[PDB]
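*Asks:* Would you mind keeping the following structure in view while I ask a few things?
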Amino acid sequence: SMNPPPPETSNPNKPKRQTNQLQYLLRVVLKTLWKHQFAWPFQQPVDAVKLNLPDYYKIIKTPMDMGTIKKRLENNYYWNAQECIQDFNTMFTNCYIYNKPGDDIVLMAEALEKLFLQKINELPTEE
Ligand SMILES: O=c1cc(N2CCNCC2)oc2c(-c3ccccc3)cccc12
């Protein structure tokens, strides 16, 4: 059993910016979810080998995790806020796609997503 390579966190061929919205996504949104009691499973890529989930990367073709998002934000990898917001949503959706409703991992994702939605509701207007 093998894990795929993780998502890229640097790409000199990809245009990127610092924006006040992206700064908010790191300082407020990522920071808030990262410190949460249920953050730990989402702080790095899913290790499908160690977790004995050999079908994981057959079902999940767009893996994403907050470790990757954190690195991307710190590196200023993104062009806009929507790209980063999409990464968070991909992470949550992967969990709901792979697992059953009410599973502990799904409950954890739901708690993080609730806070995510609350914080992005107050995403500042672009300066
Ligand atoms: O979709 C998942 C599906 C699963 N599993 C399916 C249910 N049993 C635990 C692993 O785990 C996940 C984990 C995880 C990582 C380390 C320990 C525990 C969980 C993290 C993120 C997503 C999943």
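Residue numbers start at 1 in each chain; chains themselves are named A, B, ... in the order of the structure tokens; ligands are numbered from 1 in the order shown.
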List as a PDB file with N, CA and C atoms, in the first residue's frame the protein and nucleic acid residues lying within 10 Å of ligand 1, with only C-alpha atoms and all ligand atoms counted.
*Replies:*
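Once written, out.pdb looks like this:
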ATOM      1  N   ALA A  39      -9.190  19.408  15.301  1.00  0.00           N
ATOM      2  CA  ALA A  39      -8.348  19.758  14.156  1.00  0.00           C
ATOM      3  C   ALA A  39      -7.349  18.668  13.770  1.00  0.00           C
ATOM      4  N   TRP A  40      -6.876  17.903  14.753  1.00  0.00           N
ATOM      5  CA  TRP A  40      -5.699  17.043  14.565  1.00  0.00           C
ATOM      6  C   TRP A  40      -5.744  16.068  13.397  1.00  0.00           C
ATOM      7  N   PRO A  41      -6.906  15.438  13.104  1.00  0.00           N
ATOM      8  CA  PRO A  41      -6.879  14.541  11.937  1.00  0.00           C
ATOM      9  C   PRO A  41      -6.689  15.264  10.602  1.00  0.00           C
ATOM     10  N   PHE A  42      -6.993  16.558  10.574  1.00  0.00           N
ATOM     11  CA  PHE A  42      -6.969  17.347   9.351  1.00  0.00           C
ATOM     12  C   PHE A  42      -5.726  18.227   9.228  1.00  0.00           C
ATOM     13  N   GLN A  43      -4.756  18.058  10.129  1.00  0.00           N
ATOM     14  CA  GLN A  43      -3.544  18.890  10.125  1.00  0.00           C
ATOM     15  C   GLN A  43      -2.444  18.380   9.190  1.00  0.00           C
ATOM     16  N   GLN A  44      -2.681  17.240   8.544  1.00  0.00           N
ATOM     17  CA  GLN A  44      -1.737  16.668   7.585  1.00  0.00           C
ATOM     18  C   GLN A  44      -2.507  15.739   6.652  1.00  0.00           C
ATOM     19  N   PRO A  45      -1.905  15.349   5.514  1.00  0.00           N
ATOM     20  CA  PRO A  45      -2.599  14.436   4.606  1.00  0.00           C
ATOM     21  C   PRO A  45      -3.044  13.130   5.267  1.00  0.00           C
ATOM     22  N   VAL A  46      -4.121  12.552   4.747  1.00  0.00           N
ATOM     23  CA  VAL A  46      -4.592  11.255   5.210  1.00  0.00           C
ATOM     24  C   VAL A  46      -3.547  10.192   4.876  1.00  0.00           C
ATOM     25  N   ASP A  47      -3.033   9.525   5.907  1.00  0.00           N
ATOM     26  CA  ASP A  47      -2.107   8.411   5.733  1.00  0.00           C
ATOM     27  C   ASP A  47      -2.930   7.134   5.586  1.00  0.00           C
ATOM     28  N   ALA A  48      -3.287   6.817   4.345  1.00  0.00           N
ATOM     29  CA  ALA A  48      -4.149   5.673   4.048  1.00  0.00           C
ATOM     30  C   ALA A  48      -3.474   4.331   4.321  1.00  0.00           C
ATOM     31  N   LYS A  50      -1.158   3.785   6.984  1.00  0.00           N
ATOM     32  CA  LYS A  50      -1.185   3.596   8.436  1.00  0.00           C
ATOM     33  C   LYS A  50      -2.608   3.389   8.964  1.00  0.00           C
ATOM     34  N   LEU A  51      -3.581   4.046   8.338  1.00  0.00           N
ATOM     35  CA  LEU A  51      -4.987   3.911   8.729  1.00  0.00           C
ATOM     36  C   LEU A  51      -5.675   2.689   8.109  1.00  0.00           C
ATOM     37  N   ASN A  52      -4.963   1.954   7.256  1.00  0.00           N
ATOM     38  CA  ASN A  52      -5.516   0.784   6.570  1.00  0.00           C
ATOM     39  C   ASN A  52      -6.796   1.140   5.813  1.00  0.00           C
ATOM     40  N   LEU A  53      -6.683   2.148   4.952  1.00  0.00           N
ATOM     41  CA  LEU A  53      -7.776   2.575   4.086  1.00  0.00           C
ATOM     42  C   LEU A  53      -7.307   2.474   2.637  1.00  0.00           C
ATOM     43  N   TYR A  56      -9.064   4.497  -0.047  1.00  0.00           N
ATOM     44  CA  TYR A  56      -9.245   5.934   0.177  1.00  0.00           C
ATOM     45  C   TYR A  56      -8.943   6.756  -1.073  1.00  0.00           C
ATOM     46  N   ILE A  60     -11.230   9.207  -3.211  1.00  0.00           N
ATOM     47  CA  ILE A  60     -10.836  10.606  -3.075  1.00  0.00           C
ATOM     48  C   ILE A  60      -9.695  10.927  -4.041  1.00  0.00           C
ATOM     49  N   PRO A  63      -7.352  14.972  -2.803  1.00  0.00           N
ATOM     50  CA  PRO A  63      -7.105  15.085  -1.367  1.00  0.00           C
ATOM     51  C   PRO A  63      -6.705  16.498  -0.959  1.00  0.00           C
ATOM     52  N   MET A  64      -7.078  16.883   0.255  1.00  0.00           N
ATOM     53  CA  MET A  64      -6.713  18.184   0.787  1.00  0.00           C
ATOM     54  C   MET A  64      -6.777  18.129   2.304  1.00  0.00           C
ATOM     55  N   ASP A  65      -5.931  18.925   2.946  1.00  0.00           N
ATOM     56  CA  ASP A  65      -5.817  18.940   4.399  1.00  0.00           C
ATOM     57  C   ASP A  65      -5.353  20.320   4.835  1.00  0.00           C
ATOM     58  N   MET A  66      -5.508  20.628   6.120  1.00  0.00           N
ATOM     59  CA  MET A  66      -5.145  21.952   6.626  1.00  0.00           C
ATOM     60  C   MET A  66      -3.639  22.185   6.701  1.00  0.00           C
ATOM     61  N   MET A  91     -11.570  19.620   1.402  1.00  0.00           N
ATOM     62  CA  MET A  91     -11.243  18.837   2.593  1.00  0.00           C
ATOM     63  C   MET A  91     -12.493  18.312   3.297  1.00  0.00           C
ATOM     64  N   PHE A  92     -13.459  19.191   3.551  1.00  0.00           N
ATOM     65  CA  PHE A  92     -14.693  18.777   4.227  1.00  0.00           C
ATOM     66  C   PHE A  92     -15.470  17.780   3.374  1.00  0.00           C
ATOM     67  N   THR A  93     -15.619  18.097   2.090  1.00  0.00           N
ATOM     68  CA  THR A  93     -16.378  17.255   1.165  1.00  0.00           C
ATOM     69  C   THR A  93     -15.773  15.856   1.040  1.00  0.00           C
ATOM     70  N   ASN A  94     -14.445  15.771   0.981  1.00  0.00           N
ATOM     71  CA  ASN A  94     -13.767  14.469   0.943  1.00  0.00           C
ATOM     72  C   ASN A  94     -14.215  13.583   2.095  1.00  0.00           C
ATOM     73  N   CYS A  95     -14.280  14.173   3.283  1.00  0.00           N
ATOM     74  CA  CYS A  95     -14.682  13.457   4.482  1.00  0.00           C
ATOM     75  C   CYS A  95     -16.125  12.953   4.387  1.00  0.00           C
ATOM     76  N   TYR A  96     -17.024  13.802   3.899  1.00  0.00           N
ATOM     77  CA  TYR A  96     -18.435  13.428   3.781  1.00  0.00           C
ATOM     78  C   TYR A  96     -18.657  12.403   2.669  1.00  0.00           C
ATOM     79  N   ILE A  97     -17.877  12.504   1.598  1.00  0.00           N
ATOM     80  CA  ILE A  97     -17.934  11.542   0.497  1.00  0.00           C
ATOM     81  C   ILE A  97     -17.447  10.156   0.925  1.00  0.00           C
ATOM     82  N   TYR A  98     -16.318  10.099   1.627  1.00  0.00           N
ATOM     83  CA  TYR A  98     -15.701   8.816   1.955  1.00  0.00           C
ATOM     84  C   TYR A  98     -16.425   8.061   3.079  1.00  0.00           C
ATOM     85  N   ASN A  99     -16.934   8.795   4.066  1.00  0.00           N
ATOM     86  CA  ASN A  99     -17.462   8.204   5.301  1.00  0.00           C
ATOM     87  C   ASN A  99     -18.989   8.187   5.382  1.00  0.00           C
ATOM     88  N   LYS A 100     -19.509   7.610   6.464  1.00  0.00           N
ATOM     89  CA  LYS A 100     -20.950   7.542   6.712  1.00  0.00           C
ATOM     90  C   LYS A 100     -21.392   8.716   7.581  1.00  0.00           C
ATOM     91  N   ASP A 103     -20.463   9.273  11.639  1.00  0.00           N
ATOM     92  CA  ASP A 103     -19.125   8.789  11.993  1.00  0.00           C
ATOM     93  C   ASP A 103     -18.387   9.891  12.741  1.00  0.00           C
ATOM     94  N   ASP A 104     -17.539   9.508  13.690  1.00  0.00           N
ATOM     95  CA  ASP A 104     -16.803  10.493  14.479  1.00  0.00           C
ATOM     96  C   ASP A 104     -16.005  11.462  13.606  1.00  0.00           C
ATOM     97  N   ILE A 105     -15.339  10.957  12.572  1.00  0.00           N
ATOM     98  CA  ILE A 105     -14.557  11.832  11.696  1.00  0.00           C
ATOM     99  C   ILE A 105     -15.455  12.851  10.978  1.00  0.00           C
ATOM    100  N   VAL A 106     -16.669  12.434  10.620  1.00  0.00           N
ATOM    101  CA  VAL A 106     -17.653  13.335  10.015  1.00  0.00           C
ATOM    102  C   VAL A 106     -18.136  14.390  11.015  1.00  0.00           C
ATOM    103  N   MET A 108     -16.395  15.528  13.442  1.00  0.00           N
ATOM    104  CA  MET A 108     -15.255  16.428  13.587  1.00  0.00           C
ATOM    105  C   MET A 108     -15.215  17.428  12.435  1.00  0.00           C
ATOM    106  N   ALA A 109     -15.344  16.928  11.209  1.00  0.00           N
ATOM    107  CA  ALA A 109     -15.395  17.789  10.026  1.00  0.00           C
ATOM    108  C   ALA A 109     -16.543  18.797  10.107  1.00  0.00           C
TER     109      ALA A 109
END
*Asks:* From the set A:26, A:71, A:115, A:61, which residue has the shortest atom-to-atom contact distance to residue A:8, counting only C-alpha atoms?
*Replies:*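 Result for the nearest residue to residue A:8: A:71.
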*Asks:* Restricting the calculation to only C-alpha atoms: of A:62, A:68, A:89, A:19, which residue gets closest to residue A:123?
*Replies:*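 Nearest candidate to residue A:123 out of A:62, A:68, A:89, A:19: A:19.
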*Asks:* So what do you get for atom CA of residue A:76 versus atom CA of residue A:11, distance-wise?
*Replies:*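 Separation between atom CA of residue A:76 and atom CA of residue A:11: 10.5 Å.
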